[PDB]
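A.B. asks: Here's a structure for you.
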Amino acid sequence: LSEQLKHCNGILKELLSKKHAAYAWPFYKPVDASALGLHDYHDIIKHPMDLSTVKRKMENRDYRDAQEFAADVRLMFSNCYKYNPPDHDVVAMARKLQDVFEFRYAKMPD
Ligand SMILES: CC(=O)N1CCC[C@@H](Cn2c(-c3cc(C)c(=O)n(C)c3)nc3cc(Br)ccc32)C1
């Protein structure tokens with residue numbers, strides 16, 4: 001990994017760490033729409049994303065730069081904000097995890 005992608009990988013590790021588990025856990029795995037009874041999910045969300053997918057892509061060297069990584073993390077949050085009413089718990093959890101993400105992403109080395 002490039003220096004910037006090392007920083008990205010560090011962030012990803014943090015987002016998956018026990019430190020943030022109380023609000024990160026809905027983002028660990030793909031939304032299983034059928035299992036959760038969300039029969040409209042894939043009509044509304046055209047491009048699902050979650051942290052396990054981001055992790056697989058990082059491990060497989062799919063991301064060519066930090067921007068591509070960040071786009072997937074933000075897609076995951078955007079999907080949450082798109083699908084869910086803003087007063088649902090999962091949205092509050094997304095906002096908190098995105099705060100973690102954005103503040104550390106901003107510390108990207110040049
Ligand atoms: C609607 C709402 O506020 N919540 C609270 C948090 C959990 C959500 C349901 N859910 C999701 C989930 C659902 C939606 C709609 C979503 O956008 N994300 C990101 C995760 N992933 C889950 C994995 C497992 Br195991 C058990 C329950 C899970 C219900």
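Residues are referred to by chain and number: the chain letter is A, B, ... according to the order shown in the structure tokens, the number counts from 1 in that chain, and ligands are numbered separately from 1 in the order shown.
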Could you give me, as a ChimeraX atom specification, every polymer residue with an atom at most 10 Å away from an atom of ligand 1, counting only C-alpha atoms and all ligand atoms?

C.D. replies: /A:23-33,35-38,41,45,48-50,76-94

A.B. asks: Can you write out the residues you just picked, keeping N, CA, C and O atoms, as a compact mmCIF listing (two decimals), in the first residue's frame?

C.D. replies:
# COMPACT_ATOMS: atom_id res chain seq x y z
N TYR A 23 -21.63 1.74 17.87
CA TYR A 23 -22.34 2.41 16.78
C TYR A 23 -21.90 1.91 15.40
O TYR A 23 -22.58 2.18 14.42
N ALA A 24 -20.77 1.18 15.30
CA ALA A 24 -20.27 0.75 14.00
C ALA A 24 -20.97 -0.53 13.52
O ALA A 24 -20.95 -0.84 12.33
N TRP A 25 -21.54 -1.31 14.44
CA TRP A 25 -21.90 -2.69 14.12
C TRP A 25 -22.92 -2.81 12.98
O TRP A 25 -22.85 -3.77 12.23
N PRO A 26 -23.88 -1.87 12.77
CA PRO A 26 -24.78 -1.99 11.62
C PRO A 26 -24.09 -1.87 10.26
O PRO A 26 -24.68 -2.22 9.24
N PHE A 27 -22.82 -1.44 10.26
CA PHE A 27 -22.07 -1.18 9.04
C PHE A 27 -21.03 -2.26 8.76
O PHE A 27 -20.30 -2.17 7.78
N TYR A 28 -20.97 -3.28 9.62
CA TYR A 28 -19.94 -4.30 9.52
C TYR A 28 -20.13 -5.18 8.28
O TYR A 28 -19.15 -5.59 7.67
N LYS A 29 -21.39 -5.49 7.96
CA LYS A 29 -21.72 -6.46 6.93
C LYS A 29 -22.77 -5.87 5.99
O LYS A 29 -23.48 -4.94 6.36
N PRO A 30 -22.90 -6.38 4.75
CA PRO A 30 -23.94 -5.91 3.85
C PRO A 30 -25.31 -5.97 4.52
O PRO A 30 -25.62 -6.94 5.22
N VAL A 31 -26.13 -4.95 4.27
CA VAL A 31 -27.52 -4.99 4.68
C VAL A 31 -28.18 -6.21 4.02
O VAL A 31 -28.20 -6.33 2.80
N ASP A 32 -28.69 -7.11 4.86
CA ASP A 32 -29.40 -8.28 4.37
C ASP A 32 -30.88 -7.92 4.34
O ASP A 32 -31.58 -8.08 5.33
N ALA A 33 -31.31 -7.37 3.20
CA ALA A 33 -32.62 -6.76 3.07
C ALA A 33 -33.73 -7.79 3.34
O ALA A 33 -34.67 -7.51 4.08
N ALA A 35 -33.55 -10.62 5.06
CA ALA A 35 -33.53 -11.03 6.46
C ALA A 35 -34.20 -10.00 7.36
O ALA A 35 -34.82 -10.38 8.36
N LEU A 36 -34.06 -8.71 7.02
CA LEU A 36 -34.55 -7.62 7.85
C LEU A 36 -35.95 -7.17 7.43
O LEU A 36 -36.51 -6.27 8.05
N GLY A 37 -36.50 -7.78 6.37
CA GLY A 37 -37.83 -7.43 5.90
C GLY A 37 -37.88 -6.11 5.13
O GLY A 37 -38.95 -5.51 5.00
N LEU A 38 -36.73 -5.68 4.59
CA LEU A 38 -36.61 -4.40 3.90
C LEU A 38 -36.75 -4.64 2.40
O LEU A 38 -35.78 -4.54 1.66
N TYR A 41 -35.34 -2.16 -0.18
CA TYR A 41 -34.00 -1.64 0.02
C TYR A 41 -33.25 -1.52 -1.31
O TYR A 41 -32.62 -0.49 -1.58
N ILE A 45 -31.57 1.69 -2.92
CA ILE A 45 -30.12 1.71 -2.84
C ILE A 45 -29.56 0.89 -4.01
O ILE A 45 -29.63 -0.33 -3.99
N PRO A 48 -25.07 -0.86 -2.87
CA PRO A 48 -24.82 -1.14 -1.46
C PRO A 48 -23.34 -1.11 -1.13
O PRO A 48 -22.51 -1.46 -1.98
N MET A 49 -23.01 -0.71 0.10
CA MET A 49 -21.64 -0.74 0.58
C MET A 49 -21.64 -0.91 2.10
O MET A 49 -22.58 -0.53 2.79
N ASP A 50 -20.57 -1.54 2.60
CA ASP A 50 -20.41 -1.84 4.01
C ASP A 50 -18.93 -2.04 4.28
O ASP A 50 -18.13 -2.18 3.35
N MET A 76 -21.37 4.22 1.71
CA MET A 76 -22.00 3.46 2.77
C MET A 76 -22.84 4.39 3.65
O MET A 76 -24.00 4.09 3.96
N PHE A 77 -22.29 5.54 4.06
CA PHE A 77 -23.03 6.46 4.91
C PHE A 77 -24.21 7.06 4.14
O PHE A 77 -25.31 7.14 4.68
N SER A 78 -23.98 7.48 2.89
CA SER A 78 -25.02 8.10 2.08
C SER A 78 -26.21 7.16 1.91
O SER A 78 -27.36 7.59 1.95
N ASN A 79 -25.92 5.87 1.69
CA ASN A 79 -26.97 4.87 1.55
C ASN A 79 -27.85 4.85 2.80
O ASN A 79 -29.07 4.75 2.71
N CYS A 80 -27.22 4.92 3.97
CA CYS A 80 -27.92 4.93 5.24
C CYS A 80 -28.82 6.17 5.35
O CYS A 80 -29.98 6.05 5.74
N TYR A 81 -28.29 7.34 4.98
CA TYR A 81 -29.05 8.59 5.04
C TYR A 81 -30.16 8.61 3.99
O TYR A 81 -31.16 9.31 4.19
N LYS A 82 -29.99 7.88 2.88
CA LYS A 82 -30.98 7.86 1.82
C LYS A 82 -32.17 6.99 2.22
O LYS A 82 -33.32 7.37 1.99
N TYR A 83 -31.88 5.80 2.76
CA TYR A 83 -32.91 4.78 2.98
C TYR A 83 -33.72 5.06 4.24
O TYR A 83 -34.93 4.82 4.26
N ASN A 84 -33.06 5.56 5.30
CA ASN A 84 -33.63 5.58 6.64
C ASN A 84 -34.14 6.97 7.00
O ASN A 84 -33.46 7.96 6.74
N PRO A 85 -35.33 7.09 7.64
CA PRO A 85 -35.74 8.37 8.21
C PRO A 85 -34.66 8.91 9.15
O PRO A 85 -33.99 8.16 9.85
N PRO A 86 -34.44 10.25 9.17
CA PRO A 86 -33.31 10.82 9.89
C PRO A 86 -33.33 10.66 11.41
O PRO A 86 -32.30 10.88 12.05
N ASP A 87 -34.48 10.27 11.98
CA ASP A 87 -34.62 10.10 13.42
C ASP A 87 -34.45 8.65 13.85
O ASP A 87 -34.62 8.34 15.03
N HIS A 88 -34.11 7.74 12.93
CA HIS A 88 -33.88 6.35 13.30
C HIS A 88 -32.49 6.20 13.92
O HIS A 88 -31.57 6.96 13.60
N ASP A 89 -32.35 5.22 14.81
CA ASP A 89 -31.11 5.01 15.54
C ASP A 89 -29.94 4.78 14.58
O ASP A 89 -28.84 5.26 14.82
N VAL A 90 -30.18 4.03 13.50
CA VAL A 90 -29.09 3.67 12.59
C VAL A 90 -28.48 4.93 11.97
O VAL A 90 -27.29 4.93 11.66
N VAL A 91 -29.27 5.99 11.79
CA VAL A 91 -28.79 7.24 11.22
C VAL A 91 -27.89 7.96 12.23
O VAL A 91 -26.86 8.52 11.85
N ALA A 92 -28.29 7.99 13.50
CA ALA A 92 -27.46 8.56 14.55
C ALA A 92 -26.12 7.82 14.63
O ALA A 92 -25.08 8.42 14.84
N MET A 93 -26.17 6.49 14.47
CA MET A 93 -24.99 5.66 14.53
C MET A 93 -24.08 5.97 13.33
O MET A 93 -22.87 6.12 13.50
N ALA A 94 -24.67 6.10 12.14
CA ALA A 94 -23.94 6.49 10.94
C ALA A 94 -23.24 7.84 11.15
O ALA A 94 -22.06 7.99 10.81

A.B. asks: With only C-alpha atoms as the counted atoms, please give the residues lying no more than 7 Å from residue 4 of chain A, apart from itself and same-chain residues fewer than 4 positions off, as a PyMOL selection string.

C.D. replies: chain A and resi 8+66+108-109

A.B. asks: Looking at only C-alpha atoms, which of A:61, A:107, A:74, A:18 is the one that sits closest to residue 95 of chain A?

C.D. replies: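 Between A:61, A:107, A:74, A:18, the residue approaching residue 95 of chain A most closely is A:74.
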
A.B. asks: Near residue 100 of chain A, counting only C-alpha atoms, which residues have an atom at most 12 Å away, once you skip same-chain residues fewer than 2 positions from it, shown as a PyMOL selection string?

C.D. replies: chain A and resi 11-17+19-20+23-24+73+93-98+102-107

A.B. asks: Find, counting only C-alpha atoms, the residue in A:40, A:46, A:72, A:34 that gets nearest to residue 58 of chain A.

C.D. replies: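 Checking each of A:40, A:46, A:72, A:34 against residue 58 of chain A, counting only C-alpha atoms, the winner is A:72.
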
A.B. asks: Just give me the gap between atom CA of residue 39 of chain A and atom CA of residue 75 of chain A in Å, one decimal is fine.

C.D. replies: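 For atom CA of residue 39 of chain A relative to atom CA of residue 75 of chain A, the distance reads 20.3 Å.
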
A.B. asks: If you run DSSP over the backbone, which residues in chain A end up alpha helix (DSSP H)? Put them as an mmCIF file with N, CA, C and O atoms, in the first residue's frame.

C.D. replies:
data_model
loop_
_atom_site.group_PDB
_atom_site.id
_atom_site.type_symbol
_atom_site.label_atom_id
_atom_site.label_comp_id
_atom_site.auth_asym_id
_atom_site.auth_seq_id
_atom_site.Cartn_x
_atom_site.Cartn_y
_atom_site.Cartn_z
ATOM 1 N N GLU A 3 1.561 5.276 0.953
ATOM 2 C CA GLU A 3 1.499 5.912 2.255
ATOM 3 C C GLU A 3 0.060 6.331 2.560
ATOM 4 O O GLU A 3 -0.430 6.140 3.674
ATOM 5 N N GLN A 4 -0.612 6.922 1.572
ATOM 6 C CA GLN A 4 -1.974 7.378 1.784
ATOM 7 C C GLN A 4 -2.912 6.192 2.007
ATOM 8 O O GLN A 4 -3.807 6.264 2.845
ATOM 9 N N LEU A 5 -2.706 5.095 1.276
ATOM 10 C CA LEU A 5 -3.538 3.916 1.457
ATOM 11 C C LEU A 5 -3.241 3.221 2.789
ATOM 12 O O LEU A 5 -4.140 2.607 3.356
ATOM 13 N N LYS A 6 -2.015 3.348 3.312
ATOM 14 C CA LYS A 6 -1.733 2.868 4.660
ATOM 15 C C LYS A 6 -2.582 3.639 5.671
ATOM 16 O O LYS A 6 -3.150 3.055 6.591
ATOM 17 N N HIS A 7 -2.673 4.962 5.492
ATOM 18 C CA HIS A 7 -3.496 5.782 6.366
ATOM 19 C C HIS A 7 -4.952 5.325 6.271
ATOM 20 O O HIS A 7 -5.620 5.168 7.286
ATOM 21 N N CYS A 8 -5.421 5.079 5.045
ATOM 22 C CA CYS A 8 -6.774 4.586 4.829
ATOM 23 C C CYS A 8 -6.989 3.261 5.559
ATOM 24 O O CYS A 8 -8.029 3.053 6.186
ATOM 25 N N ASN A 9 -6.022 2.349 5.441
ATOM 26 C CA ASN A 9 -6.142 1.049 6.081
ATOM 27 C C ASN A 9 -6.199 1.206 7.602
ATOM 28 O O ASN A 9 -6.917 0.465 8.273
ATOM 29 N N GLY A 10 -5.413 2.136 8.156
ATOM 30 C CA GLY A 10 -5.473 2.421 9.580
ATOM 31 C C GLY A 10 -6.867 2.861 10.014
ATOM 32 O O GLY A 10 -7.390 2.396 11.029
ATOM 33 N N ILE A 11 -7.452 3.787 9.242
ATOM 34 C CA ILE A 11 -8.799 4.270 9.504
ATOM 35 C C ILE A 11 -9.768 3.091 9.509
ATOM 36 O O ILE A 11 -10.609 2.968 10.397
ATOM 37 N N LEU A 12 -9.674 2.248 8.482
ATOM 38 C CA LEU A 12 -10.566 1.110 8.338
ATOM 39 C C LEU A 12 -10.466 0.200 9.559
ATOM 40 O O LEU A 12 -11.488 -0.221 10.096
ATOM 41 N N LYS A 13 -9.235 -0.101 9.985
ATOM 42 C CA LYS A 13 -9.005 -0.884 11.188
ATOM 43 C C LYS A 13 -9.699 -0.240 12.390
ATOM 44 O O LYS A 13 -10.353 -0.934 13.165
ATOM 45 N N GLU A 14 -9.566 1.080 12.535
ATOM 46 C CA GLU A 14 -10.208 1.767 13.643
ATOM 47 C C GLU A 14 -11.731 1.633 13.555
ATOM 48 O O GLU A 14 -12.395 1.385 14.564
ATOM 49 N N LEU A 15 -12.298 1.808 12.363
ATOM 50 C CA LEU A 15 -13.746 1.760 12.221
ATOM 51 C C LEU A 15 -14.282 0.382 12.600
ATOM 52 O O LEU A 15 -15.424 0.291 13.030
ATOM 53 N N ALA A 21 -17.478 -0.069 18.356
ATOM 54 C CA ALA A 21 -18.412 -1.145 18.055
ATOM 55 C C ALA A 21 -19.859 -0.805 18.415
ATOM 56 O O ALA A 21 -20.781 -1.321 17.785
ATOM 57 N N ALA A 22 -20.071 0.049 19.425
ATOM 58 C CA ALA A 22 -21.415 0.353 19.890
ATOM 59 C C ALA A 22 -22.264 1.022 18.804
ATOM 60 O O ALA A 22 -23.484 0.886 18.831
ATOM 61 N N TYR A 23 -21.626 1.745 17.866
ATOM 62 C CA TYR A 23 -22.341 2.407 16.781
ATOM 63 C C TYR A 23 -21.896 1.906 15.403
ATOM 64 O O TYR A 23 -22.579 2.182 14.423
ATOM 65 N N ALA A 24 -20.771 1.179 15.302
ATOM 66 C CA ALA A 24 -20.273 0.746 14.001
ATOM 67 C C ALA A 24 -20.967 -0.530 13.521
ATOM 68 O O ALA A 24 -20.950 -0.835 12.331
ATOM 69 N N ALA A 33 -31.311 -7.374 3.198
ATOM 70 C CA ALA A 33 -32.625 -6.764 3.074
ATOM 71 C C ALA A 33 -33.730 -7.791 3.336
ATOM 72 O O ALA A 33 -34.666 -7.506 4.078
ATOM 73 N N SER A 34 -33.596 -8.981 2.742
ATOM 74 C CA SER A 34 -34.571 -10.046 2.918
ATOM 75 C C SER A 34 -34.695 -10.430 4.392
ATOM 76 O O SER A 34 -35.802 -10.536 4.915
ATOM 77 N N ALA A 35 -33.551 -10.622 5.059
ATOM 78 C CA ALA A 35 -33.531 -11.033 6.456
ATOM 79 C C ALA A 35 -34.201 -10.004 7.364
ATOM 80 O O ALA A 35 -34.818 -10.383 8.361
ATOM 81 N N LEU A 36 -34.057 -8.714 7.022
ATOM 82 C CA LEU A 36 -34.548 -7.622 7.850
ATOM 83 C C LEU A 36 -35.946 -7.168 7.427
ATOM 84 O O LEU A 36 -36.513 -6.272 8.051
ATOM 85 N N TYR A 41 -35.343 -2.159 -0.180
ATOM 86 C CA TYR A 41 -33.996 -1.641 0.017
ATOM 87 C C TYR A 41 -33.247 -1.520 -1.312
ATOM 88 O O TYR A 41 -32.621 -0.495 -1.585
ATOM 89 N N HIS A 42 -33.297 -2.573 -2.136
ATOM 90 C CA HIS A 42 -32.521 -2.633 -3.366
ATOM 91 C C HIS A 42 -33.190 -1.861 -4.504
ATOM 92 O O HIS A 42 -32.592 -1.678 -5.564
ATOM 93 N N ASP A 43 -34.423 -1.399 -4.290
ATOM 94 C CA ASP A 43 -35.063 -0.481 -5.218
ATOM 95 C C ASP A 43 -34.575 0.940 -4.963
ATOM 96 O O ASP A 43 -34.560 1.760 -5.876
ATOM 97 N N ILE A 44 -34.191 1.215 -3.715
ATOM 98 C CA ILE A 44 -33.823 2.556 -3.293
ATOM 99 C C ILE A 44 -32.307 2.731 -3.339
ATOM 100 O O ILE A 44 -31.835 3.795 -3.731
ATOM 101 N N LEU A 51 -18.549 -2.096 5.559
ATOM 102 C CA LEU A 51 -17.135 -2.110 5.912
ATOM 103 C C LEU A 51 -16.444 -3.425 5.539
ATOM 104 O O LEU A 51 -15.244 -3.409 5.284
ATOM 105 N N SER A 52 -17.160 -4.558 5.547
ATOM 106 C CA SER A 52 -16.540 -5.823 5.166
ATOM 107 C C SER A 52 -16.170 -5.804 3.687
ATOM 108 O O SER A 52 -15.154 -6.382 3.302
ATOM 109 N N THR A 53 -16.993 -5.132 2.868
ATOM 110 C CA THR A 53 -16.711 -4.992 1.447
ATOM 111 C C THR A 53 -15.501 -4.076 1.246
ATOM 112 O O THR A 53 -14.628 -4.362 0.420
ATOM 113 N N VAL A 54 -15.445 -2.973 2.003
ATOM 114 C CA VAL A 54 -14.315 -2.055 1.919
ATOM 115 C C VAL A 54 -13.039 -2.807 2.303
ATOM 116 O O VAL A 54 -11.997 -2.647 1.662
ATOM 117 N N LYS A 55 -13.131 -3.651 3.335
ATOM 118 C CA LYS A 55 -11.980 -4.400 3.807
ATOM 119 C C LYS A 55 -11.501 -5.370 2.729
ATOM 120 O O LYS A 55 -10.302 -5.468 2.484
ATOM 121 N N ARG A 56 -12.438 -6.091 2.100
ATOM 122 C CA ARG A 56 -12.087 -7.030 1.043
ATOM 123 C C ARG A 56 -11.399 -6.278 -0.096
ATOM 124 O O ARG A 56 -10.389 -6.738 -0.627
ATOM 125 N N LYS A 57 -11.934 -5.106 -0.462
ATOM 126 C CA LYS A 57 -11.377 -4.351 -1.577
ATOM 127 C C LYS A 57 -9.965 -3.867 -1.235
ATOM 128 O O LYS A 57 -9.081 -3.904 -2.087
ATOM 129 N N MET A 58 -9.741 -3.432 0.010
ATOM 130 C CA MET A 58 -8.415 -2.989 0.421
ATOM 131 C C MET A 58 -7.435 -4.170 0.374
ATOM 132 O O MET A 58 -6.344 -4.042 -0.179
ATOM 133 N N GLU A 59 -7.845 -5.333 0.898
ATOM 134 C CA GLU A 59 -6.991 -6.515 0.922
ATOM 135 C C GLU A 59 -6.625 -6.963 -0.494
ATOM 136 O O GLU A 59 -5.519 -7.464 -0.716
ATOM 137 N N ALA A 66 -6.487 6.960 -2.156
ATOM 138 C CA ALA A 66 -7.295 7.268 -0.985
ATOM 139 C C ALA A 66 -8.696 7.747 -1.369
ATOM 140 O O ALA A 66 -9.665 7.436 -0.680
ATOM 141 N N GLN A 67 -8.800 8.511 -2.458
ATOM 142 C CA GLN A 67 -10.070 9.064 -2.904
ATOM 143 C C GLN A 67 -11.067 7.939 -3.206
ATOM 144 O O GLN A 67 -12.248 8.031 -2.858
ATOM 145 N N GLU A 68 -10.589 6.861 -3.835
ATOM 146 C CA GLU A 68 -11.462 5.759 -4.208
ATOM 147 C C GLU A 68 -11.974 5.055 -2.951
ATOM 148 O O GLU A 68 -13.144 4.693 -2.877
ATOM 149 N N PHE A 69 -11.074 4.847 -1.986
ATOM 150 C CA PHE A 69 -11.435 4.313 -0.682
ATOM 151 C C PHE A 69 -12.498 5.188 -0.015
ATOM 152 O O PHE A 69 -13.527 4.687 0.432
ATOM 153 N N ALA A 70 -12.249 6.500 0.049
ATOM 154 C CA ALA A 70 -13.139 7.415 0.752
ATOM 155 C C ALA A 70 -14.521 7.417 0.100
ATOM 156 O O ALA A 70 -15.528 7.520 0.795
ATOM 157 N N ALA A 71 -14.557 7.307 -1.232
ATOM 158 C CA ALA A 71 -15.822 7.295 -1.953
ATOM 159 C C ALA A 71 -16.687 6.120 -1.499
ATOM 160 O O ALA A 71 -17.896 6.278 -1.371
ATOM 161 N N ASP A 72 -16.091 4.943 -1.272
ATOM 162 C CA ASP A 72 -16.863 3.795 -0.823
ATOM 163 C C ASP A 72 -17.340 3.991 0.613
ATOM 164 O O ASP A 72 -18.470 3.642 0.942
ATOM 165 N N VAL A 73 -16.484 4.515 1.495
ATOM 166 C CA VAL A 73 -16.920 4.729 2.866
ATOM 167 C C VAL A 73 -18.085 5.720 2.894
ATOM 168 O O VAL A 73 -19.067 5.513 3.599
ATOM 169 N N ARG A 74 -18.000 6.786 2.100
ATOM 170 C CA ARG A 74 -19.041 7.800 2.103
ATOM 171 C C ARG A 74 -20.306 7.274 1.431
ATOM 172 O O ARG A 74 -21.402 7.647 1.827
ATOM 173 N N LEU A 75 -20.153 6.393 0.438
ATOM 174 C CA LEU A 75 -21.296 5.748 -0.193
ATOM 175 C C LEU A 75 -22.086 4.960 0.853
ATOM 176 O O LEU A 75 -23.309 5.011 0.890
ATOM 177 N N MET A 76 -21.374 4.225 1.709
ATOM 178 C CA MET A 76 -22.005 3.463 2.774
ATOM 179 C C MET A 76 -22.845 4.394 3.655
ATOM 180 O O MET A 76 -23.997 4.088 3.962
ATOM 181 N N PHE A 77 -22.286 5.543 4.058
ATOM 182 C CA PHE A 77 -23.031 6.464 4.906
ATOM 183 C C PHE A 77 -24.211 7.062 4.142
ATOM 184 O O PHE A 77 -25.310 7.140 4.680
ATOM 185 N N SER A 78 -23.979 7.484 2.895
ATOM 186 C CA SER A 78 -25.015 8.099 2.078
ATOM 187 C C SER A 78 -26.206 7.156 1.912
ATOM 188 O O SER A 78 -27.357 7.591 1.945
ATOM 189 N N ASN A 79 -25.924 5.867 1.689
ATOM 190 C CA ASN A 79 -26.972 4.865 1.551
ATOM 191 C C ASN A 79 -27.854 4.849 2.799
ATOM 192 O O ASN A 79 -29.074 4.753 2.705
ATOM 193 N N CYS A 80 -27.215 4.923 3.970
ATOM 194 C CA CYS A 80 -27.919 4.933 5.242
ATOM 195 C C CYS A 80 -28.819 6.168 5.349
ATOM 196 O O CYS A 80 -29.982 6.054 5.740
ATOM 197 N N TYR A 81 -28.290 7.344 4.984
ATOM 198 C CA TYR A 81 -29.045 8.588 5.035
ATOM 199 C C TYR A 81 -30.161 8.611 3.994
ATOM 200 O O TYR A 81 -31.159 9.308 4.188
ATOM 201 N N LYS A 82 -29.986 7.882 2.884
ATOM 202 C CA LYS A 82 -30.982 7.860 1.824
ATOM 203 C C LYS A 82 -32.169 6.986 2.219
ATOM 204 O O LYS A 82 -33.320 7.371 1.988
ATOM 205 N N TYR A 83 -31.880 5.795 2.758
ATOM 206 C CA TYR A 83 -32.905 4.784 2.979
ATOM 207 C C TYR A 83 -33.722 5.062 4.244
ATOM 208 O O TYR A 83 -34.933 4.821 4.262
ATOM 209 N N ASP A 89 -32.348 5.220 14.811
ATOM 210 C CA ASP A 89 -31.111 5.007 15.544
ATOM 211 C C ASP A 89 -29.944 4.775 14.583
ATOM 212 O O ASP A 89 -28.843 5.258 14.822
ATOM 213 N N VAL A 90 -30.178 4.032 13.497
ATOM 214 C CA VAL A 90 -29.092 3.673 12.594
ATOM 215 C C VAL A 90 -28.476 4.929 11.971
ATOM 216 O O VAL A 90 -27.286 4.934 11.664
ATOM 217 N N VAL A 91 -29.275 5.991 11.788
ATOM 218 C CA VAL A 91 -28.787 7.239 11.219
ATOM 219 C C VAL A 91 -27.891 7.964 12.225
ATOM 220 O O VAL A 91 -26.861 8.524 11.850
ATOM 221 N N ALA A 92 -28.292 7.985 13.502
ATOM 222 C CA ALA A 92 -27.458 8.555 14.548
ATOM 223 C C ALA A 92 -26.123 7.816 14.626
ATOM 224 O O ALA A 92 -25.076 8.425 14.841
ATOM 225 N N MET A 93 -26.173 6.493 14.465
ATOM 226 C CA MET A 93 -24.986 5.658 14.526
ATOM 227 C C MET A 93 -24.078 5.965 13.332
ATOM 228 O O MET A 93 -22.869 6.122 13.504
ATOM 229 N N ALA A 94 -24.675 6.098 12.137
ATOM 230 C CA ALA A 94 -23.938 6.494 10.940
ATOM 231 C C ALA A 94 -23.237 7.837 11.153
ATOM 232 O O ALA A 94 -22.064 7.991 10.812
ATOM 233 N N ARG A 95 -23.963 8.819 11.699
ATOM 234 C CA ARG A 95 -23.412 10.156 11.861
ATOM 235 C C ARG A 95 -22.184 10.111 12.771
ATOM 236 O O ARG A 95 -21.178 10.767 12.497
ATOM 237 N N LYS A 96 -22.269 9.329 13.855
ATOM 238 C CA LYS A 96 -21.162 9.207 14.794
ATOM 239 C C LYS A 96 -19.968 8.509 14.149
ATOM 240 O O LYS A 96 -18.827 8.921 14.349
ATOM 241 N N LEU A 97 -20.208 7.436 13.391
ATOM 242 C CA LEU A 97 -19.097 6.747 12.753
ATOM 243 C C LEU A 97 -18.500 7.614 11.645
ATOM 244 O O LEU A 97 -17.290 7.594 11.427
ATOM 245 N N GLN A 98 -19.339 8.396 10.955
ATOM 246 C CA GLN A 98 -18.817 9.264 9.914
ATOM 247 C C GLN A 98 -17.973 10.381 10.526
ATOM 248 O O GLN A 98 -16.990 10.806 9.925
ATOM 249 N N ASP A 99 -18.345 10.863 11.719
ATOM 250 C CA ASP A 99 -17.528 11.844 12.416
ATOM 251 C C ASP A 99 -16.135 11.274 12.672
ATOM 252 O O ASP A 99 -15.130 11.936 12.420
ATOM 253 N N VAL A 100 -16.069 10.033 13.156
ATOM 254 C CA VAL A 100 -14.787 9.375 13.371
ATOM 255 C C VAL A 100 -14.002 9.351 12.059
ATOM 256 O O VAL A 100 -12.830 9.720 12.015
ATOM 257 N N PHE A 101 -14.669 8.912 10.991
ATOM 258 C CA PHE A 101 -14.030 8.755 9.698
ATOM 259 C C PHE A 101 -13.493 10.091 9.185
ATOM 260 O O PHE A 101 -12.325 10.170 8.799
ATOM 261 N N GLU A 102 -14.357 11.118 9.136
ATOM 262 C CA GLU A 102 -13.995 12.366 8.483
ATOM 263 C C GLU A 102 -12.839 13.049 9.213
ATOM 264 O O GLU A 102 -11.937 13.579 8.567
ATOM 265 N N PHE A 103 -12.841 13.025 10.553
ATOM 266 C CA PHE A 103 -11.786 13.704 11.289
ATOM 267 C C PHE A 103 -10.440 13.012 11.098
ATOM 268 O O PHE A 103 -9.425 13.694 10.999
ATOM 269 N N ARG A 104 -10.420 11.681 11.019
ATOM 270 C CA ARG A 104 -9.155 10.994 10.822
ATOM 271 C C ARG A 104 -8.737 11.033 9.353
ATOM 272 O O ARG A 104 -7.553 11.148 9.064
ATOM 273 N N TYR A 105 -9.697 10.965 8.422
ATOM 274 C CA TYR A 105 -9.373 11.069 7.006
ATOM 275 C C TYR A 105 -8.688 12.406 6.719
ATOM 276 O O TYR A 105 -7.789 12.478 5.876
#
